[PDB]
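See structure below.
Position 1 is the first residue of the sequence; numbering continues from there. These values consider heavy atoms only, across backbone and side chains, with no hydrogens, waters or symmetry-generated copies. Counting starts at 1 for both ligands and their atoms, in listed order.
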Amino acid sequence: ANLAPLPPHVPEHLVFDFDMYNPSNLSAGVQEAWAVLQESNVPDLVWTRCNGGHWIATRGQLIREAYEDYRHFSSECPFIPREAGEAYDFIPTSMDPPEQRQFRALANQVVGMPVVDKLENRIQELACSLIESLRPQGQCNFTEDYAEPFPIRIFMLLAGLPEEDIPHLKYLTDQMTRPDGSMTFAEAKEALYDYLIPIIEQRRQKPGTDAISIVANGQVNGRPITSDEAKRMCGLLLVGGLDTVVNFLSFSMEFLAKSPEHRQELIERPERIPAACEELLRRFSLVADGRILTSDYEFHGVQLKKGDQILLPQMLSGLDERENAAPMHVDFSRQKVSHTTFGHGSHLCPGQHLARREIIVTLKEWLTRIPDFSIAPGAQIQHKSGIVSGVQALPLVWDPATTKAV
Ligand code: HEM
Ligand SMILES: CC1(C)[C@@H]2CC[C@@]1(C)C(=O)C2
Ligand SMILES: [K+]
């Protein structure tokens, strides 16, 4: 295919041409497609000539180690291909400690556990209303009818943005994680910034109680945050709010629809939902970004060159059979659910608490109202791969007679 010429410093035996935006075994499921990187024929650290050429760490050990060592593995250029990585200037993700710290503190403020706790009632409220509205229909297009509106509307409420702007923003955020080829990466990013700029200016002058007002008027390093810094942070918040939980919920529901035994498990033993959420986060992990080498560095017997990009798939740690036995099997009773679904190191996800709350609320409220459901007959669910992977469509069906109006 479109393979870049092999750099002189890369041993031929370490080459494995994996395409993160279109993996070969995608039809088997996106996580399954990525897991081919963990078969016996693939070394721990390999070089793919796809997408401009870059390294890929395939084991949890290397992924965790790399995410911790920011001195060698910089977040300055975190996305593949390099073009995207270089245009990517979100805050604080494109920064390494110490610089990142002050901005991350501010981000924790607007999406951290305290915010989640205060927002739980709205989360509960929306989940219940959306699910009840669908219950009597006996069918739904999950991605469009719940997966997107639920987490996204909660985020828009948090950020104090009009739901009317969702379609526009959602299209843009997805061009940065799973480009469909209709927009260049930098242009999609700028479009996001063009939208935010006037809003940030407005909320710095006349601050509201929303997350954007909080960010735009925050302080970093003992001084006021700049309009541009606030912009670069809010841009990141939009992506996290619009293209993370949204995708994960579909992977989870697709699975539950296909496994009555697991649904039954959660209906008969509700207290197991939190554990189930965690196991699902491992099995259907969906993120994969990376870092750039700050200098020549030998890593686990492999010579890495300054400038080289290395993909450190957050998705792979939990699927690594070295971290979890029978990794592709969902066991809600797994004693130790090991994963790096929310990242690792200084950039570990601050919105993970909001994510878990939304997932757990979704599982409890959906199963209590629509306990029995399955994939629409004749439907063949397909996935999409990228920085954040997802489910293209998920047609679900159930018998309204077996549902319960709460
Ligand atoms: C299932 C849901 C989610 C997953 C799997 C996820 C995953 C991740 C991962 C892997 C990282 C680290 C990436 C890196 O090291 O380069 C991260 C960072 C981040 N996430 Fe999440 N995330 C989720 C939901 C959210 C939500 C809902 C928000 C908030 C709107 C959010 C906001 C952020 C921010 C601000 C960062 C950057 C933190 C920093 O750079 O210090 N995330 N997330
Ligand atoms: C890799 C991510 C999941 C993380 C939050 C949104 C995302 C796409 C980023 O750009 C940082
Ligand atoms: K950059």
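Within 6.0 Å of the CD atom in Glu144, the count of heavy atoms belonging to other residues, nucleotides or ligands does not exceed 12. Surrounding CD of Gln205 are more than 12 heavy atoms belonging to other residues, nucleotides or ligands, all under 6.0 Å away. Annotation for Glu278: atom CD counts as buried by contact number, over 12 foreign heavy atoms lying within 6.0 Å. Crowding of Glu271 atom CD: a count of heavy atoms from other residues, nucleotides or ligands under 6.0 Å exceeding 12. With a 6.0 Å radius and a threshold of 12 heavy atoms from other residues, nucleotides or ligands, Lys258 has its NZ atom above the threshold. Counting non-hydrogen atoms of neighbouring residues, nucleotides and ligands closer than 6.0 angstrom, the CG atom of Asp180 exceeds 12 such neighbours.
Two rings, from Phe18 and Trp47, have their centers 6.0 Å or more apart. With ring centers used as reference points, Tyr195 lies 6.0 Å or more from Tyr193. If you look at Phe255 and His262, their ring centroids are closer than 6.0 Å.
With no hydrogens or angles considered, no side-chain donor-acceptor pair links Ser74 and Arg291 at under 3.5 Å.
Near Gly343, meaning under 4.0 Å from any of its heavy atoms, are these atoms of ligand 1: 10 (C). Residue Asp289 approaches ligand 1 through these ligand atoms, each under 4.0 Å from one of its heavy atoms: 13 (C), 14 (C), 16 (O). Short contacts between ligand 2 and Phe79, defined as distances under 4.0 Å to a heavy atom of the residue, involve ligand atoms 10 (O). Heavy-atom proximity to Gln100, at under 4.0 Å, picks out these atoms of ligand 1: 39 (C), 40 (O), 41 (O). Contact atoms of ligand 1 toward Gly241: 30 (C) (distance under 4.0 Å to a heavy atom of the residue). Atoms of ligand 1 lying under 4.0 Å from at least one heavy atom of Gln314, given by number and element, are 10 (C), 13 (C), 14 (C), 15 (O). Listed by number with element, the atoms of ligand 1 under 4.0 Å from a non-hydrogen atom of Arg291 are 14 (C), 15 (O), 16 (O). Each of the following atoms of ligand 1 lies closer than 4.0 Å to a heavy atom of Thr341: 5 (C), 7 (C), 10 (C). Using a 4.0 Å cut-off to heavy atoms of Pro92, the atoms of ligand 1 that qualify are 39 (C), 40 (O), 41 (O). Proximity to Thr177 (heavy-atom distance under 4.0 Å) selects the following atoms of ligand 2: 8 (C).
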For this session: Go through the steps to decide whether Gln382 and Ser27 satisfy the test side chain to side chain donor-acceptor pair (under 3.5 Å), and finish with yes or no.
Result: CA-CA 6 Å; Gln382 67 180 300; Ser27 61; over 6 Å; no

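When the N, O or S atoms of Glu86 are ranked by distance to the K ion (ligand 3), O comes first. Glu76 contributes O as its N, O or S atom closest to the K ion (ligand 3).
Contacts of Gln352 with ligand 1, taken as heavy-atom pairs under 4.0 Å, are absent altogether. Residue-level proximity to ligand 1 for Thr340 is absent, since no heavy atom of it falls below 4.0 angstrom. With a heavy-atom cut-off of 4.0 Å, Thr93 touches ligand 1 through backbone and side chain alike. The backbone and the side chain of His347 each have at least one atom closer than 4.0 Å to an atom of ligand 1 (non-hydrogen atoms only). Residue contacts with ligand 2 for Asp243 are absent, since no atom lies close enough (heavy atoms, distance under 4.0 Å).
In summary, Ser94 places no N/O/S atom under 3.4 Å from the K ion (ligand 3), failing the contact criterion. At a cut-off of 3.4 Å, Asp89 does not coordinate the K ion (ligand 3) through any N, O or S atom. Because the distance cut-off is set at 3.4 Å, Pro78 fails to qualify as a neighbour of the K ion (ligand 3), as none of its N, O or S atoms comes that close.
Atom 6 (C) of ligand 2 has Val239 CG1, 3.8 Å as its closest protein atom, hydrogens excluded (heavy atom only). Scanning all protein heavy atoms for the shortest distance to atom 26 (C) of ligand 1 gives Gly240 O, 3.5 Å. Atom 35 (C) of ligand 1 has as its closest protein heavy atom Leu236 CD2, 3.6 Å. At the top of the distance list for atom 2 (C) of ligand 2, counting protein heavy atoms only, stands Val287 CG1, 4.5 Å. Of the protein's heavy atoms, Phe342 CE2, 3.8 Å lies nearest to atom 1 (C) of ligand 1.
Not a single donor-acceptor pair under 3.5 Å links the side chain of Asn51 to the backbone N or O of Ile80. Remark: the backbone N or O of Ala87 is paired with a side-chain donor or acceptor of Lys189 at under 3.5 angstrom. In this structure, the side chain of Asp243 does not engage the main chain of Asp174 through any donor-acceptor pair within 3.5 Å.
Between atom 2 (C) of ligand 1 and the options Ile152, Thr244, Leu354, the minimum heavy-atom separation is to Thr244. Of the options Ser94, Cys349, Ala355, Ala107, the smallest heavy-atom separation from atom 42 (N) of ligand 1 is shown by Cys349.
Using a 30° and 60° split on the angle between ring planes, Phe284 and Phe251 fall in the parallel class, below 30°.
For the pair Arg263 and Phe373, the distance from NZ or CZ to the six-membered ring centre is under 6.0 Å and the angle to the ring normal is within 45 degrees.
Per-atom contact check: atom 8 (C) of ligand 2 touches the protein, criterion being a heavy-atom distance below 4.0 Å.
At least one heavy atom of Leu236 lies less than 4.0 angstrom from ligand 2. Heavy-atom separations between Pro350 and ligand 1 include at least one value shorter than 4.0 Å.
If you run side chain to side chain contact (heavy atoms under 4.5 Å, CB included) between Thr48 and each of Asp17, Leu311, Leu37, only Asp17 comes through.
The side-chain heavy atoms of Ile359 and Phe248, taken from C-beta on, include a pair separated by under 4.5 Å.
Remark: ligand 2 and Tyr88 share an N or O pair separated by less than 3.5 Å (distance only, no angle test).
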